[PDB]
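Comments concern the structure below.
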Amino acid sequence: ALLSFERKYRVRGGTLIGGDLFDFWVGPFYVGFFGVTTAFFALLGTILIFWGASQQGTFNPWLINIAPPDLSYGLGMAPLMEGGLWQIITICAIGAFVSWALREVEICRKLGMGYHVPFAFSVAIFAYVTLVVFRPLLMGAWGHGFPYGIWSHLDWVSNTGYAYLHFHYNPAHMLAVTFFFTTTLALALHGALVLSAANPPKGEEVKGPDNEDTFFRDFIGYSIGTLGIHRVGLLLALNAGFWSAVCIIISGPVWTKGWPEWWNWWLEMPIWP
Amino acid sequence: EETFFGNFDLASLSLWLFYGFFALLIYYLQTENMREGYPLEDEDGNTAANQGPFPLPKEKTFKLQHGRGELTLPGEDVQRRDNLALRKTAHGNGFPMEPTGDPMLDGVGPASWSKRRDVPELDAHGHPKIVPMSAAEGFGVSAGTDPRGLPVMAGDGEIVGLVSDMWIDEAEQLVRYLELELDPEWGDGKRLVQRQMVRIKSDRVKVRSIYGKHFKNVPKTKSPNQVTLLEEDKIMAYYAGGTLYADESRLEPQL
Amino acid sequence: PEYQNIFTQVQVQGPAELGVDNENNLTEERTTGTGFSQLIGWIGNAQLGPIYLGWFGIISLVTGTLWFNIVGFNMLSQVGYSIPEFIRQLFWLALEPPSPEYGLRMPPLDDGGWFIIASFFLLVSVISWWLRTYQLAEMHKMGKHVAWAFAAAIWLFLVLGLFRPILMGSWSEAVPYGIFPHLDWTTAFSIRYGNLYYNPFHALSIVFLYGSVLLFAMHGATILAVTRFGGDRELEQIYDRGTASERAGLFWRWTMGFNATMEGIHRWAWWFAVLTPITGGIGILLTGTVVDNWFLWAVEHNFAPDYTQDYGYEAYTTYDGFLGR
Amino acid sequence: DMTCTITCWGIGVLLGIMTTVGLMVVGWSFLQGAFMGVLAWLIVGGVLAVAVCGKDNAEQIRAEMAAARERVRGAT
Amino acid sequence: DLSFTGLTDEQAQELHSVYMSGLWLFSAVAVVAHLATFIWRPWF
Amino acid sequence: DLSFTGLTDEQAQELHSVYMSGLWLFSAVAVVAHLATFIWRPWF
Amino acid sequence: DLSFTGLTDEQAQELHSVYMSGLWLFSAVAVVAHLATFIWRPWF
Amino acid sequence: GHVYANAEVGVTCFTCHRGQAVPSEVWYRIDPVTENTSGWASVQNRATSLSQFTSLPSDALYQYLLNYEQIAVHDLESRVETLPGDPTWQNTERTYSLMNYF
Amino acid sequence: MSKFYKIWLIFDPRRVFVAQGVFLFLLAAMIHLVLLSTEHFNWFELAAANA
Amino acid sequence: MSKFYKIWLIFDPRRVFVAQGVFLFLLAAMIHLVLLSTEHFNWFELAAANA
Amino acid sequence: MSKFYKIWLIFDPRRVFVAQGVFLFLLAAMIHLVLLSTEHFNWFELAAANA
Amino acid sequence: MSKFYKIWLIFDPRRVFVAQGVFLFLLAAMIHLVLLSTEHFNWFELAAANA
Ligand code: BCL
Ligand code: BCL
Ligand SMILES: CC[C@H]1c2cc3[nH]c4c(c3C)C(=O)[C@H](C(=O)OC)c4c3nc(cc4[nH]c(cc(n2)[C@@H]1C)c(C(C)=O)c4C)[C@@H](C)[C@@H]3CCC(=O)OC/C=C(\C)CCC[C@H](C)CCC[C@H](C)CCCC(C)C
Ligand SMILES: CC[C@H]1c2cc3[nH]c4c(c3C)C(=O)[C@H](C(=O)OC)c4c3nc(cc4[nH]c(cc(n2)[C@@H]1C)c(C(C)=O)c4C)[C@@H](C)[C@@H]3CCC(=O)OC/C=C(\C)CCC[C@H](C)CCC[C@H](C)CCCC(C)C
Ligand SMILES: COC1=C(OC)C(=O)C(C/C=C(\C)CC/C=C(\C)CC/C=C(\C)CC/C=C(\C)CC/C=C(\C)CC/C=C(\C)CC/C=C(/C)CC/C=C(\C)CC/C=C(\C)CCC=C(C)C)=C(C)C1=O
Ligand code: HEM
Ligand SMILES: COC(C)(C)C(=O)C/C=C(\C)CC/C=C(\C)CC/C=C(\C)CCCC/C(C)=C/CCC(C)CC/C=C(\C)CCC=C(C)C
Ligand SMILES: COC(C)(C)C(=O)C/C=C(\C)CC/C=C(\C)CC/C=C(\C)CCCC/C(C)=C/CCC(C)CC/C=C(\C)CCC=C(C)C
Ligand SMILES: COC(C)(C)C(=O)C/C=C(\C)CC/C=C(\C)CC/C=C(\C)CCCC/C(C)=C/CCC(C)CC/C=C(\C)CCC=C(C)C
Ligand SMILES: COC(C)(C)C(=O)C/C=C(\C)CC/C=C(\C)CC/C=C(\C)CCCC/C(C)=C/CCC(C)CC/C=C(\C)CCC=C(C)C
Ligand SMILES: COC(C)(C)C(=O)C/C=C(\C)CC/C=C(\C)CC/C=C(\C)CCCC/C(C)=C/CCC(C)CC/C=C(\C)CCC=C(C)C
Ligand SMILES: COC(C)(C)C(=O)C/C=C(\C)CC/C=C(\C)CC/C=C(\C)CCCC/C(C)=C\CCC(C)CC/C=C(\C)CCC=C(C)C
Ligand SMILES: [Fe+3]
C-alpha cells in the first residue's frame, strides 16, 4: 500500500553495497544490506534479553535487570550468567545502531537529499558509546557500564552522581542542562508560531512569513528567520549531546575529588584582597 | 492521607486519568496527520484492500490570501502527475521501478517534480516574492564574495559561462537564485541555479551536481522578471537528479 | 563536498522593514530606529529592531527591574558593601525564604519580608508579560498558541512558588534566589522526600523532555536536508504541496513505517514541549501533601528492584590490596 | 574582509595562550592563568577586529566619502 | 457479491482447502508432541 | 486462476520440488547431528 | 524458462560447477585444520 | 569498638599533634557569616572555612558534634500526616553539610 | 461453517500469512521460555541433577 | 497436502529466501549461545575440567 | 540436489560473492576471538606458562 | 433481535475483525496470567507438589 504520490520515487539504485540483491520493500519499510544486519542484531539482542529474564526468575517489565560483571574481572570476559550476557547484548546494540545509521544514509542517497539526519544520529551513538565503552575502558573495567533495566538504570545514575558529593557543581553538567532547556524553549516557540500562522481565528485569511517576522520583532525586538531557526535548533541539540558526553567523560578518569572543591581556583585567586 | 481501596490513592487516580488522556491525544495526533496521501494504493494504481486501523479525519477549510480561493482537506490530489515513464520490474508489489526514457528529462526518481500552481509566490504587498537584483532598488552586497562576473565550473571541470545576476528575496533579504549566461558552445540563453547547490570561491563558482553537457537542457523560465512555483520545482529537481543520474558510477554500488 | 547550508556564502542588505499593519494601527506604538549586524547575518537575519512598547511591557520591565535591584542590594548589603567581596562571592549569595516558624504570616524584614516583596514583584512582572503576549497575538489576527505554551511553563512556575507553599501552610517551602542555593534546594528537596526518581510524574516529564529534544534534532536535520527544494518555506508548502514535503515524508515512512505532514509535525512538537512542565507541576504538587516517601511508595506498589549481592568493600577486596601494599 | 577578522581572532587566541603560559611562569595555577588568558583573547581580539579591520582599503574614496557626510550634516 | 481483495468465490474455496489441509497437519504434529510430553512429565 | 507472482503451475511445481529437495537434506544433517549429541550427553 | 537475473540455463550450470569446486577446496582445508587442532588439544 | 574496629590500632599523642603544639584541623564557632540576617539566612549563603566549598549551612559541627540534635530527616511511611515541628529541607541541607564534612 | 472460506474475500492472504507466522513463532518461543523459568519442567537442570 | 506447491503463486522467492536465511542463522546462533550459558552442556569448561 | 544450479537464476552472483566473503571473514574473526577469550584454548598463554 | 445484521451497514468488517482478533488474544493471555499468579490454581506448582 503506497501513498498517492509515492510510486514515482520508488526507483532502483543508490546503494552503498548489495546492488539489487536486497533492493526491495516489505510493507512501508525499505530493506537493504544494513536492514538485514539490523534485523539480525536486534532480534538476537531481544531474545538474549528475554532468556536472561527467564533465568533471573521474573518476567515483570519493571523488575528485569541484566547487569555488568564485577570490577575484579577487569577488561576480560566474564561467565555468561555473571555479566557476560551484558557484554554480548552491548555488542549487538552497537552493531544495530551503526546498521540503522547506514540504512538512513542509503535512504537519503536514494531520495536525493542531504545527509543531515545520519550525522545527527551519530552524536547520540557517540554519547551511548562514551557511556558504555570509552569511560569503562579508561577506568579499567567493564563493570562501570549501566545495567539494562527500566528501573535499575536509574539507581546507577544516582550512585554515580553521588560519588562526587554534589554533581550540580560540574560546569559541563551546567552547560548541558542549559542547552537542554534552551532547546525545549526554542522548539515550543517555533511550533507555536507556525501553528498560529497557519491557523487564524475563524473567518480570517491565513498568514505568511512576513507576519511571523513582524510578530517576533514586535514581541522581543529580533527575528531569526524561517531558515535560521532550524539551524539554531539543530546546533542546540547537537551541543547538548556533545556536552553531556564531555560531562560524563570528565567525571571519572580526569577528576577524582568532589566537584564543589574545583572552584578553589576562583576562590583563591591572587587578585582578591 | 488515606486510600480509596487497597493501595489506590490520589496519585494512582491522577496516573490513570493521564493514561486515558494520553491515549486520546495520541489518537488525535495520528489522525490529524492523514490529510495528505490517502487513501492508499497498490503498485497498479488501484485502491489497496488494506487501509490501516486509523480512519480518515474530517474536513477543514483554508481561506487563502490575494483572492486565490479556498482549500479543503482531505480531498482529491491536484498535484498528481499524469503520464509517468516508468516500468514495473515484477508482477507483484514491493519491487522498484525502471525508467523508460531519460530520467533527468522525464522527471522521475530523484528528478521528480510536483504539479504545483503556475503562478508566482506573492509577498504581503502582492508583488512577486523573488525578483532579479537589477530590478530591486536599494539592495547591495554587504558581506562575503560577490559571485557576479565569475566563471562557472561544472561537475567535470568544464567552464560553461559567467554569473550575470542574482535573484533575491526582497521580503526576507536573502539570495535565492544565481543566473548563468551560457557560452555558445554549451548552449544558448540563460539558466538559473538555486543557491543551495553552489560553492562560491574567490575566482570561481562550482556546481558539482551535473556535468557540462547537462546545462543546455535545464528548464527555462517563461518570463525574464519572475518565476512560478512549477518552474522552480522543475528547475530545482532537475538539479537534484544529477546527484544520481549524471554518471553510471553514481547509480551502481560504491562498495 | 556539497554545500551544507549552515553558514551563508554572501549577504545582501536593503532598506529596513518596518512591519505589516492593519486597522488596529500597530505603528503608533512601535519605535523608530534599526540596526544591522553582519556577525549574526552568517546564521540568521541581520536587522535588529524595532520593538513594540505597550503598557504591559513597560509594567513588566519596571517591576522586574525592581525585583532584580531588591535581590542585588540585599546580596550586596549581606557582605558589608565590599565590591571586591561582592564580586568574589557572587555565585554563593542568595535571598533566603522565610523561616519555618512563621507559617503563612508575614515575617520580619530580616527573615523573609524582602523575599515576599520581591516575589510579589516577580509574579506581577510575569503576569504582565503573559498579558502582553496574548494582546500582541489578538491584534495581529493570529492564533493564541504562544500564550498557551507560555501558560504551560507558568503553571510549573506557580506550582513551585505559590500553590505548594499555601497547600503545605508555610512560606519556607519556596526556592531561594541564588545560583548555587537553588541547586542546593533541588538536591535537598530530592533527598528530603525519598527519591524523586521513583516519582512517576518526574519520569513522565523526563520522557517528554527527551522526546522534545529528539524531535527538534530530527526536524532541524530534516528541514536542512530538503532545503535544496525550498523546504524552509513551510507555509507555502502547507498551502500548495511541493516535492520537498513528499520527499521529507517518504524518508521517515521508509525509515520507521509512518510519517507526518508539513503542518502535523508542528502539532507533535508543540505537545511534547508543553507536556513537560504540566506533568512536572502535577508531580511536584503531590509531594509531601500526599506522598512523603517515594521509595516506600514504589516498594508498596511493587516496582522497586531487588539486589542479592552484599554491601561493603571487604566483601570484594582488602584495604591493603587497594593501596598495593 | 572576513579573513582579517579571522586573523585577528587567531592573534587573540595566540596571545591568550602566551599570557596563560606566562602566568604559569609567574606562579599561578592552570585554571587561574587560563581564565585571564581567555579574557585577553576576547578583549584584545574584539578590539583589534573593530579597530584594525575597520580601516577598509581606500586612498581617495575615503576623503570624498568623508566630505560627502560633511555636506549632509549642517543642513539637517 | 462482496469482495475487498478482488478474489472470486472459487479461488477462495481452493485457497481454504489447502489452508485447512496444512492446519490439520500442524495440529496433528502438536498433538503427538503433547502426548509424548505428558507421558514424560505429567501436569494434570 | 489465482497467481499473484505471475508464475505458472509447472514453474511452481518445479520450484517446490527443488525446495523440498534442499529441506530434506538439511533435516537429515540436523537429525544425524542430534543423534550424535544425544549419544554424547543425553538430556532425557 | 524462468530467470530473474538474466542468465541462461547453461551459464548457471557452468557457474555452479566452479562455485562447488571452490566450496569443496575450502571445506577440505577446514577439515585438515580441525583435525590438527583436535589432535593438539581435544574437546568433546 | 571504634579504634579497634578491624585490628589493633590505637591512639597516641602523635595522632592529633604531628610535631605541633596545636593539632591541625581544629574548629571554632563562626555561625553568623552574613550581615543584616536573623535566622536560617544567617548561617549558609556564603563560602566559608567550615562549609566545604558549598553554600550549605556552616552551622554544622556545632549542633551535631557538640550539642545533641537530630540528624535523621526521613519519613518511615509512604503516607504520613505532616505536623509543625517536623524536619524540613533546611535540616536536610545542614545534614548534607555534615556529610560533606564526613 | 461450510462458508468459512469467505474470509479470504475480506482479508488478503499475503498479509495474513506473515502475521500468522510471526504470531506462531513468538507464541512458541514464549511458551518454551516459560517452561524454562520453573524447576519441575526445566530439562537442562533435570539433566544436570540426574547425573 | 499435495497442493502445497501453490504457495509460490502467492509469494515471490526473492523475499522468502532472504527471510528464511536470516531466520535460520538467528535460530542457530541463539541456540548455541543458550547452550553455552549452562553448566552441564558448556563444552569449553568441560574440556578444562576433564583435563 | 542435481538442480541446485538454478539458485543463480534467482540471485545475482556479483552481489552474493561480496556478502559471502564478508560473512565468512566476520565468522572466522568471531570464532578466533571466542577461542582467545577462554583459558584452556588461549594459545598465547600456554606458550608463556609452558616456558 | 432478528435484525442484528444491520451492524455491518454501520461498521467496516475489516477493522472490526482486526480489533476483535487482538482483543480476544489479549483477554485470554491476561486471564491465563491472572490464574498463574495465585496459589490454588497454579498448575505448575500443583504438579510440582504432587510429584
Ligand atoms: C544524583 C544525580 C545527579 C546527576 C547525575 C548525572 C549523571 C551521572 C549523568 C548525568 C547526565 C545528564 N544529566 Mg544530570 N544529574 C542530576 C540531575 C540533573 C538535572 C536536574 C536536577 O534538573 C538535569 C536537568 C540533568 C540532566 C542531565 C543531562 C545534561 C544528561 C543526560 C544525558 C543525555 O540526555 O544524553 C542522551 C544520550 C543518550 C545516551 C541517548 C542514547 C540513545 C541510543 C543511541 C538509541 C536508543 C535505541 C533504543 C534501544 C531503541 C529501542 C526502541 C524500539 C522502538 C523498540 N541532570 C543529579 C544532580 N547526570 C547523564 C549524561 O550526561 O550522560 C552522558 C549521566 O549519565
Ligand atoms: C538530585 C536532583 C533530583 C531532581 C530534582 C528535581 C526537582 C526538585 C525538580 C526537577 C524537575 C525536572 N527534572 Mg529532575 N531531578 C533529578 C534528576 C533528573 C535528571 C537526570 C538525572 O538526568 C533529569 C533528566 C531531570 C530533569 C528534570 C526535568 C524533566 C524537570 C524540569 C521541568 C522543566 O520543564 O524545567 C524547566 C524549568 C521551568 C519551566 C521553570 C519555569 C520557568 C519560568 C517560566 C521562568 C520565568 C522567567 C523569569 C521569571 C525571568 C528571567 C529573566 C529574563 C532574562 C527576563 N531530573 C534528581 C533525581 N527535578 C522539576 C520537575 O518538574 O520535577 C517534577 C523540579 O522541580
Ligand atoms: C531570549 C529572548 C529575550 C530577548 C532577546 C532579545 N532581545 C533583543 C535581541 C534578542 C535576541 C536583539 O537582537 C535585539 C538587540 O538590539 O540586541 C542588541 C533585542 C532588543 N530587545 C530589547 C529589549 C527587551 N527585550 C526583552 C525581551 C527579551 N529579550 C526576551 C525575554 C525585554 C524584557 C524581558 O523586558 C527587553 C527590555 C531592546 C534592547 C532590543 C530592541 C532593538 C531596538 O529597538 O533597537 C535596536 C537597534 C538599534 C538602534 C541598533 C542596534 C543596537 C546595538 C546594540 C548598537 C549597535 C550594534 C551594531 C549595529 C551591531 C550589533 C552587534 C551584535 C553582536 C548585537
Ligand atoms: C514549554 C516549556 C518551556 C518554556 C516555554 C516558554 N518560555 C517562554 C515562552 C515560552 C513558550 C514565552 O513566550 C516567553 C518569551 O518571551 O519567550 C521569548 C518565555 C520566557 N521564558 C523565559 C525563561 C525561562 N524559560 C525556561 C524554560 C521553559 N520555558 C521551558 C523549557 C527557563 C528554565 C529554567 O529552563 C527559563 C529561565 C524568559 C526568557 C521568558 C519570560 C520573560 C519574562 O517573563 O520577562 C518578565 C520580565 C522581567 C523579569 C524583567 C527583567 C529585567 C532585566 C533585569 C533587564 C531586562 C531584560 C534583558 C533582556 C536582560 C539583560 C540584558 C543585558 C544585556 C543587560
Ligand atoms: C516536516 O518534515 C517531517 C516529516 O514529514 C512531514 C516527518 O514525518 C517527521 C517525522 C516525525 C514524526 C512522525 C512524529 C512522531 C515521531 C516520534 C514520536 C519519534 C519517536 C518514534 C518512535 C517511538 C517510533 C520509532 C520506531 C522504530 C524505530 C521501530 C520500527 C522498526 C521496525 C518495526 C523494523 C524495521 C524494519 C526493517 C529493518 C526491515 C525488515 C528487515 C528485513 C531483513 C526484511 C526481511 C523480512 C523479514 C525479516 C520478515 C518480515 C518482516 C517484518 C514483518 C517486519 C516486522 C518484524 C517484526 C519482528 C515485528 C519529521 C521529524 C519531519 O521533520
Ligand atoms: C557525601 C554525601 C552523603 C550523603 C548525601 C549522605 C546522606 C545521608 C543522609 C540523608 C542521612 C540521614 C538519613 C535519615 O534521615 O535516616 C545520613 C546519615 C548518616 N550517614 Fe550518610 N551521607 C553521605 C556520606 C556519608 C559518608 C561518607 C559516611 C561515612 C561514614 C556516612 C555515614 C552516615 C551515618 C553514620 C549516618 C547516620 C547518622 C545518624 O542518624 O546519627 N554518610 N547520610
Ligand atoms: C499458559 O498461559 C499463557 C498466557 C502463558 C499462554 O501460554 C497462553 C497461550 C495462548 C492463549 C495461546 C493461544 C494460541 C492460539 C489461539 C493459537 C492459534 C493458532 C492457529 C489457529 C494456527 C493455525 C495455523 C495454520 C496453518 C499453518 C495452516 C496452513 C498453512 C499452509 C497450508 C501454508 C501453505 C498455503 C498454501 C499453499 C495456500 C495457497 C493456495 C492456493 C490455492 C493459492
Ligand atoms: C527451547 O526454547 C527456546 C525458546 C530456547 C527455543 O530454542 C525455541 C525454538 C523454536 C521455537 C524453534 C523453531 C524452529 C523452527 C520452526 C524451524 C523451522 C525450520 C524450517 C522450516 C527450515 C526450512 C529449511 C528449508 C530449506 C533449507 C530448503 C531449501 C534450501 C535450498 C538451498 C534450496 C534452494 C532452492 C532453489 C535453488 C530453487 C530454485 C528453483 C527454480 C525453479 C529457479
Ligand atoms: C559455538 O556457538 C557460536 C554461536 C559461538 C558459534 O560459533 C556458532 C557458529 C555457527 C552457527 C556457524 C555457522 C556457519 C556456517 C553456516 C557457515 C557456512 C559456510 C559456507 C556455506 C561457506 C561457503 C563457501 C563457499 C565457497 C568458498 C565457494 C566458492 C569459492 C570460490 C573462490 C569459487 C570462485 C567461483 C568462480 C570463479 C565462478 C566463476 C564462474 C563463471 C562462469 C564466470
Ligand atoms: C539463504 O537461503 C537459502 C534458501 C539458500 C538457505 O536456506 C541456504 C542454507 C544453507 C546453504 C545452509 C547450509 C548449512 C550447512 C553447510 C550446515 C552444515 C552443518 C554441519 C557440517 C554440521 C555438523 C555438525 C556436527 C556435530 C554436531 C558433531 C558432533 C559430534 C559429537 C557430539 C561427538 C560425539 C560422537 C559420538 C558419540 C559418535 C556416535 C555417532 C553416531 C552417529 C551414533
Ligand atoms: C463503586 O464506585 C465506583 C466508582 C467504583 C463505580 O463502580 C462507579 C460506577 C459507575 C458510576 C457506573 C456507571 C455506569 C453507567 C452510567 C452505565 C451505563 C450503561 C449504558 C447506558 C449501557 C448501554 C448499552 C447499550 C447496548 C449494549 C446497546 C447495544 C446495541 C446493539 C447491539 C444494536 C446496534 C445497533 C444497530 C445495528 C443499529 C441498526 C442499524 C441500522 C442502519 C438501522
Ligand atoms: C547592587 O548591584 C546591582 C545594582 C548591580 C544589582 O542590582 C545586582 C544584582 C544582581 C547581582 C542580581 C543577581 C540575581 C540572581 C543571581 C538571581 C537569581 C534568581 C533566581 C534563581 C530566581 C528563582 C526564582 C523562582 C523559582 C526558582 C521558582 C518559583 C518562583 C515563584 C513562583 C515566585 C513567585 C512568588 C509568589 C507568587 C509569591 C508572592 C507572595 C505573595 C504574598 C503574593
Ligand atoms: Fe518548522
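Quick reminder, even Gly has a Cβ in these numbers, built from the backbone with ideal geometry, and neighbours come from all protein chains shown. A short reminder: the numbers here are calculations on the coordinates, not readings from a lab.
Peptide A:98-104 has a mean of 1 when you count, residue by residue, the C-beta atoms of other protein chains within 10 Å of its C-beta. Each residue of the range C:191-204 is assigned a 3J(HN,Hα), and the resulting list reads 6, 4, 10, x, 10, 6, 5, 8, 7, x, 6, 4, 5, 5 Hz, derived from the Karplus form 6.51 cos²θ - 1.76 cosθ + 1.60 (θ = phi - 60°), x at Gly and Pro. Extent along the principal axes, Cα only, for chain A: 73, 69, 36 Å, with the longest axis given first.
In order along the range B:103-112, the Karplus-derived 3J(HN,Hα) couplings, from 6.51 cos²θ - 1.76 cosθ + 1.60 at θ = phi - 60°, round to x, 5, 7, 8, x, 10, x, x, 9, 6 Hz, and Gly and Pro are given as x. Quick check: from the Cα gyration tensor, does chain B come out rounded (a/c under 1.5), prolate or oblate? Taking the square roots of the gyration eigenvalues as a ≥ b ≥ c, chain B is prolate.
Normalised by residue number, the volume inside the convex hull of the Cα atoms of chain G is 96 Å³ per residue.
Is the range A:162-267 best put as rounded, prolate or oblate by its Cα gyration tensor, with a ≥ b ≥ c the root eigenvalues, rounded for a/c under 1.5, and otherwise prolate when a/b is larger than b/c, oblate when not?
prolate
Along chain H, the exposed loop sites are GluC sites (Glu not before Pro) outside DSSP states H, G, I, E and B with at most 10 other Cβ atoms within 10 Å, and the longest stretch free of them is H:26-80.
Summing Cβ point charges (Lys, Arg +1; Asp, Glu -1) relative to the Cα centre of chain D gives a dipole of roughly 180 debye. Per residue, the convex hull spanned by the alpha carbons of the range B:125-179 comes to 99 Å³. Spin-label pair D:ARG69-C:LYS144: with each label point 7 Å from Cα along the Cα-Cβ axis, the two points sit 4.9 nm from one another. For the range A:1-92, the direction-averaged projected area of the alpha-carbon convex hull comes to 9.6 nm². Once C-alpha pairs closer than 8 Å and six or more residues apart are averaged by separation and normalised to the residue number of chain C, the relative contact order reads 16 percent. Remark: the range A:153-170, residue by residue, has Karplus-estimated 3J(HN,Hα) of 8, 9, 5, 4, 4, 4, 5, 6, x, 7, 6, 10, 6, 7, 6, 6, 8, 6 Hz, where x stands for each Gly or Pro and the curve is 6.51 cos²θ - 1.76 cosθ + 1.60 at θ = phi - 60°.
When each of K:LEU36, F:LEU35 is scored by the number of other beta-carbon atoms lying within 10 Å, the sequence from fewest to most is F:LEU35, K:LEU36. Just so you know, the Rg over Rh for chain I is 1.35, from Cα atoms, with Rh as the Kirkwood radius. With the convex hull drawn over the C-alpha atoms of the range C:22-159, the volume per residue is 195 Å³. Over chain C, all Cα pairs binned in 20 Å intervals from 0 give whole-percent P(r) values of 19, 45, 31, 4, 0, listed from short to long. Largest first, the three principal axis extents of the alpha carbons in chain H are 51, 39, 22 Å in whole numbers. Legend: mean number of C-beta atoms from other chains within 10 angstrom of residue C-beta atoms, peptide B:17-29, equals 2.
Relative contact order of chain A, taken over Cα pairs closer than 8 Å and 6 or more residues apart, is 19 percent. Using bins of 20 Å that start at zero, the share of Cα-Cα pairs per bin across the protein assembly as shown amounts to 7, 28, 36, 23, 6, 0, in whole %. Restricting the calculation to Cα atoms, the range B:1-135 shows an Rg/Rh of 1.18 when the hydrodynamic-style radius is the Kirkwood one. Shown for G:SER21: label points 7 Å from Cα along the beta-carbon vector, and their distances to the equivalent points in the other copies, 2.2, 4.3 nm in ascending order. Exposure proxy ranking for C:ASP292, I:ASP12, based on other Cβ atoms within 10 angstrom of each Cβ and starting from the fewest, stands as I:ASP12, C:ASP292. Using only the Cα atoms of the range B:84-166, build the gyration tensor, take square roots of its eigenvalues as a ≥ b ≥ c, and label the shape rounded, prolate or oblate: rounded if a/c is under 1.5, else prolate if a/b is larger than b/c, else oblate. It is oblate, given that a/c is not under 1.5 and a/b is not larger than b/c. Modelled spin-label separation between B:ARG148 and G:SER21, with each label point placed 7 Å from Cα along the Cα-to-Cβ direction: 7.1 nm. Cβ crowding within 10 Å ranks C:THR65, H:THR12 as H:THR12, C:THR65, fewest other Cβ atoms first. When you filter the trypsin sites (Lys or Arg not before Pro) in the range A:209-273 for DSSP loop state and at most 14 other Cβ atoms inside 10 Å of their Cβ, you are left with A:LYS257. Checking every one of the chymotrypsin sites (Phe, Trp or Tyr not before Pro) in the range D:11-73 against DSSP loop status and a limit of 13 other Cβ atoms within 10 Å picks out no site at all. Straight-line cross-link reach from B:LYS234 at under 17 Å between alpha-carbon atoms covers these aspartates and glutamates, not counting any fewer than eight positions away in the same chain: B:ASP82, B:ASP102, B:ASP106, B:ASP118, B:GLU121, B:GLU179, C:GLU236, C:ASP240, C:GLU246. Projecting the Cα atoms of A:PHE219, A:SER196, A:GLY18 onto the charge dipole of chain A (Cβ charges, centred on the Cα centre) puts A:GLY18 farthest toward the positive pole. Partner shielding of G:1-13 amounts to 5, given as the average count of beta-carbon atoms from other chains within 10 Å of each residue beta-carbon. With R₀ set to 56 Å, the beta-carbon distance separating D:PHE35 from E:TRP43 gives a calculated FRET efficiency near 0.15. The other copies place their J:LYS3 label points at 2.1, 2.2, 4.1 nm from this one, listed shortest first, where each point is 7 Å from Cα along Cα→Cβ.
Across every pair of non-identical alpha carbons in chain D, the mean reciprocal distance, once inverted, gives a Kirkwood radius of 14.8 Å.
Cross-link check: pairs B:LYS115/C:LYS141; A:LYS8/K:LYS6; A:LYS110/B:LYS220; A:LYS8/A:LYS202 evaluated at a Cα-Cα cut-off of 28 Å; pairs beyond the cut-off: B:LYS115/C:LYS141; A:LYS8/K:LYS6; A:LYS8/A:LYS202. Here's how it looks for B:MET97: its modeled amide H is under 5 Å from those of A:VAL11, A:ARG12, which are all 5 or more places away or on a different chain. Loop-located GluC sites (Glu not before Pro) in the range D:24-76 (DSSP state not H, G, I, E or B) with no more than 10 neighbouring Cβ atoms inside 10 Å: D:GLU59.
Basic side chains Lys and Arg get +1 at the Cβ, acidic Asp and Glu get -1 at the Cβ, and with that the dipole of the protein assembly as shown about its Cα centre reaches some 1740 debye. Proximity of backbone amide H atoms, modeled 1.01 Å from N, is registered between A:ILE66 and A:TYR148, A:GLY149 at under 5 Å, excluding neighbours fewer than 5 places apart on the same chain.
Shape summary: the range A:215-273 maps onto an equivalent ellipsoid whose semi-axes, from the alpha-carbon gyration tensor, are 38, 21, 7 Å in decreasing order.
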